[PDB]
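Only one chain is included here, represented as structure tokens and corresponding to the form deposited in one PDB entry.
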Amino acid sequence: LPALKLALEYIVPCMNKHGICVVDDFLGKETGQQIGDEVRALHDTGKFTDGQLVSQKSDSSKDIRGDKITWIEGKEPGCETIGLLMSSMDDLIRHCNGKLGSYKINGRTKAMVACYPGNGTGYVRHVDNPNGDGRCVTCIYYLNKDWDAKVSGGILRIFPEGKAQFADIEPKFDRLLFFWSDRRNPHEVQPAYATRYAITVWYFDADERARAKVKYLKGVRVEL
């Protein structure tokens, strides 16, 4: 699918109606596989953090750690297919510009690459952007060949505002997900029993981010 077609015929109407959108087979398998090798390579060469402290036991031999991360700009040695994905995410968003809510997306973060190490850790119920920091859309790409959740866990459970029900999304190979970052979409990752990779970028709305600047707040100091 051409990027603009996916945008106009799927991502735009779906986001505006449901605020959660799944595109399967986004880059195809040669390119997915390649991103996979790049992410595994970052892992094996120790580029990730050790993982979120889950259980801080008193003896610390026995501390339990969870999701590991690394931030990627997209041009680093070893990361060029990741840079490629990011560029591809950007192209898709830019083809939706204007058309997702009344937002005007002018910015994103670096890619946050996450590895749930498969030791039964997950990620607690949260909202990505609760306090108005400018992030309007979360975009995650999943890396996980032949993932079977019945076996390996690691479902993303989203809990849309004012719904009795949730939405389970499997972290399937070459799947791209978008959802609104704010309190509309509380979500969690259920415990993962196999190594589970995902790559997230967040997109900024211009107005929200411009006044987050003010609210939050050397520099951005000047003078006297």
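For every residue, the number given is its place in the sequence shown, counted from 1. Rigid core here is just the name for the largest C-alpha set that superposes within 1.5 Å across the two forms.
Gap check for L217 to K218: 1 to 3 deposited residues are absent from the model.
The question of which stretch, 109-117 or 144-152, has the higher mean Cα B factor is settled in favour of 144-152.
The deposited model assigns a higher average Cα B-factor to 163-171 than to the other stretch when 65-73 and 163-171 are compared.
Set against one another, the Cα B-factors of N185, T49, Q56, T195 in the record reach their highest point at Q56. For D91, the recorded CA temperature factor ranks within the middle third of the chain's modelled residues. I35: CA B factor in the middle third of modelled residues in this chain (values from the PDB entry). Annotation for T81: C-alpha temperature factor in the middle third relative to the rest of the modelled chain, per the entry.
The deposited CA B-factor of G122 belongs to the lowest third of values across its chain.
Annotation for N97: CA B-factor lies in the highest third of the chain's modelled residues.
Separately, the form deposited in another entry exists; it is not shown, and the next lines address it.
With the rigid core aligned between this form and the one not shown, only one of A194, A167, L27, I64 has a CA shift of 2 Å or more: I64. Taking 2 Å as the criterion, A41 does not count as shifted between this form and the one not shown: its C-alpha moves by less than this amount when the rigid core is aligned.
A decrease of at least 3 Å in the separation of the C-alpha atoms of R135 and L53 is found in the other entry, compared with the displayed form. If you compare C-alpha positions, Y116 and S61 are 3 angstroms or more closer together in the other entry than in the form on display.
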